[PDB]
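Chain and residue survey
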Amino acid sequence: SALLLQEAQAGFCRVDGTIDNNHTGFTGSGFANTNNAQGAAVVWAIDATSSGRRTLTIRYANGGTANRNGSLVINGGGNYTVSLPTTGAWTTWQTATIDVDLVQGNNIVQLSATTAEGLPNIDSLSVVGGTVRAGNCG
Ligand SMILES: [Ca+2]
Ligand code: NA
């Protein structure tokens, strides 16, 4: 019972940048393309019926040469790091995976750029562990 969160669907809260569709290979209607600024984020919300460990999978494209690593923070601060190396092209997508603890109830998940390049393009977030559904943005 994984939860797959796409742009333009319940549980997708914000991108500092735009939702774009001009590179092939994404899923849903697009992908998030952040501003080129550190701290630029993609934000989702997840409701968990019980606290407990989840595995998050972030599908992403990085057509630049440099890593564009992310800070992943839950409820404005768990604080995690996500490594986001080059995928070799803006049309090649890979996944980065990270285990986190979610609390029972609402979990605002922010993935933010650690560098001035912003994040790679972010296609989707997948969440596995217990019962999780779209949360409340805000
Ligand atoms: Ca997508
Ligand atoms: Na960008």
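Numbering of residues starts from 1 on every chain and follows the written order of that chain's sequence, so it may differ from the entry's own numbering; residues lacking coordinates are omitted. Here the convention is simple: chains get letters from A, ligands get numbers from 1, in the order in which they are written. Values shown for side chains rest on all heavy atoms present in the structure; no hydrogens or waters enter the calculation.

Its PDB header attributes the entry to X-ray crystallography and lists the resolution as 1.90 Å.

Quick look at the overall build of the chain
When its secondary structure is counted, the chain shows 0 helices and 12 strands. Each helix corresponds to a stretch of at least 4 residues labelled H or I by DSSP, and each strand to a stretch of at least 2 residues labelled E; elements are numbered beginning at the N terminus. From first element to last, N terminus to C terminus, the chain shows the α and β order β-β-β-β-β-β-β-β-β-β-β-β. Scaling as 2.2 N^0.38, a compact globule of 138 residues should have a C-alpha radius of gyration of about 14 Å, and the chain matches this with 14 Å. Oriented by its inertia axes, the alpha-carbon framework of the chain measures out at about 40 × 25 × 25 Å. Three exposure classes are used, based on accessible area relative to the maximum for each residue type with a 1.4 Å probe and protein chains only: buried under 20%, partly exposed in between, and exposed over 50%. Across the 138 residues of the chain, 44% fall into the buried class. Positive and negative side-chain charges in the chain, numbering 6 and 8 respectively, have mean positions lying 5 Å apart. Put simply, the radius of gyration uses C-alpha atoms, and a globule should come to 2.2 Å times the residue count raised to 0.38. Charged residues are defined narrowly, with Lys and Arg counted positive, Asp and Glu counted negative, and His plus the chain ends left uncounted. Taken as the charge centre is NZ of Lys, CZ of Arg, CG of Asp or CD of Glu, depending on the residue.

Details of the coordination of the calcium ion (ligand 1)
Every protein donor of the calcium ion (ligand 1) is accounted for by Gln-6 (OE1), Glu-7 (OE), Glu-7 (OE), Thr-27 (O), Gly-30 (O), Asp-123 (O) and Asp-123 (OD), and the metal-donor separations fall at 2.3 to 2.5 Å. Residues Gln-6 and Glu-7 agree in their burial class; the two are buried. Only nitrogen, oxygen and sulfur atoms qualify as donors, and only when within 2.8 Å of the metal (3.2 Å in the case of Na, K and Ca); with water excluded, sites may look incomplete.

Some remarks on the UniProt feature "binding site: alpha-D-glucuronate" (unreviewed entry) in the chain
UniProt positions are given in the numbering used here, feature names are shortened, and annotations may be inferred rather than shown by experiment. Taken from the UniProt record, the annotation "binding site: alpha-D-glucuronate" (unreviewed entry) applies to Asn-33, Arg-68 and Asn-121. Locating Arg-68 in the fold gives a position in the loop between β6 (52-61) and β7 (70-74). Residue class for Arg-68 comes out buried when judged on its relative accessible area of 8%. Note on definitions: a residue-residue contact is assigned when non-hydrogen atoms from the two residues lie within 4.5 Å. Ignoring any residue separated from it by four or fewer positions in sequence, one finds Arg-68 in contact with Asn-62, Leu-84, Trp-90, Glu-117, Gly-118, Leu-119 and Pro-120. Along the polypeptide, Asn-121 turns up in strand β11 (residues 121-128). Those residues in contact with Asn-121, other than ones at most four positions away along the chain, are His-23, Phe-31, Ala-32, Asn-33, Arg-59, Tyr-60, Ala-61, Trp-90 and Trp-93.

Looking at the environment of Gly-64
With respect to the helices and strands, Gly-64 occurs in the loop between β6 and β7. Judged by relative accessible area, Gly-64 falls into the buried class, the value being 18%. Residues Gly-64 and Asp-47, 17 residues apart in the sequence, show an inter-C-alpha distance of 34 Å. Residues in contact with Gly-64, not counting those within four places in the same chain, are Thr-86 and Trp-90.

Notes on unusual backbone geometry
The bulk of non-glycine residues show a negative phi, and the bulk of peptide bonds are trans. If you check the backbone angles, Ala-8 has positive phi at about 65° while not being a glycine. With respect to the secondary-structure elements, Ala-8 resides in the loop between β1 (3-6) and β2 (12-15). Located in the positive-phi region is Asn-75, a residue other than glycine, with phi close to 50°. Tracing the backbone through its elements, the reader meets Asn-75 in the loop between β7 and β8 (79-82). A relative accessible area of 37% places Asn-75 in the partly exposed class.

Focus: the coordination of the sodium ion (ligand 2)
Note on metal sites: the ideal angle is 109.5 degrees for four tetrahedral donors, and 90 or 180 degrees for six octahedral donors. Within the protein, the atoms that donate to the sodium ion (ligand 2) are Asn-33 (OD1) and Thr-34 (O), at distances of 2.2 to 2.5 Å. Relative accessible area serves as the criterion here: at 24%, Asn-33 is assigned to the partly exposed category.

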